[PDB]
Every structure is written in C-alpha cells, then in structure tokens.
Amino acid sequence: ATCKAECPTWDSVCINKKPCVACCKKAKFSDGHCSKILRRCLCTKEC
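For the sequence shown, the entry's author numbering begins at 1 and goes up steadily by one.
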C-alpha cells in the first residue's frame, strides 16, 4: 500500500524538498522526498 517513483521531470540534484514536492504534486503523488544517493526526487503515494 505504498508506491514510489522519482519525479519524471527530474534529473538533477535536489537542493530543497519543495521543488520535489512540487513535481510530485503535479504528478499526482501524496508527497515527494529527495533521495540521499543521486539526490533524485522520490515521489511517494498511496496505492
């Protein structure tokens, strides 16, 4: 009951959570969290 997918329009280092959450929101995801590795925007949502 948890789905994760990095923001489609995301291929750069995340500086702040807001940018990521912004993408995730427009992508129809509950919330986005920046990864620790490549710092990708991981969007998480219900499923």
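No residue lacks a Cβ here, since even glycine has one placed at the ideal position from N, Cα and C.
Practice task
Kindly indicate if chain D contains any beta-carbon less than 8 Å away from that of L38.
Solution key: Among the protein chains of the structure shown there is no chain D, as only one such chain exists.
Handout entry: Among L38, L42, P8, the one whose alpha carbon lies nearest that of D31
Key = As a working mapping, residue 31 is identified with position 31 in the sequence shown. It is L42.
Problem - Candidates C47, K36, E46: closest to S12 by CA position - result: One-based indexing of the sequence shown puts residue 12 at position 12. Comparing Cα positions, the closest option is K36.
Handout entry: As assigned by DSSP and simplified to three states, the class of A5
Key = Taking the sequence shown and counting its residues from 1, the one referred to as residue 5 is at position 5. Note: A5 maps to strand in three-state DSSP.
Practice task
Might you give, ordered along the chain, the residues of its own chain that have their beta carbon closer than 7 Å to the beta carbon of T9, omitting 5 neighbours on each side?
Solution key: Taking the first residue of the sequence shown as position 1, residue 9 is located at position 9. Taken in chain order, the residues that qualify are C23.
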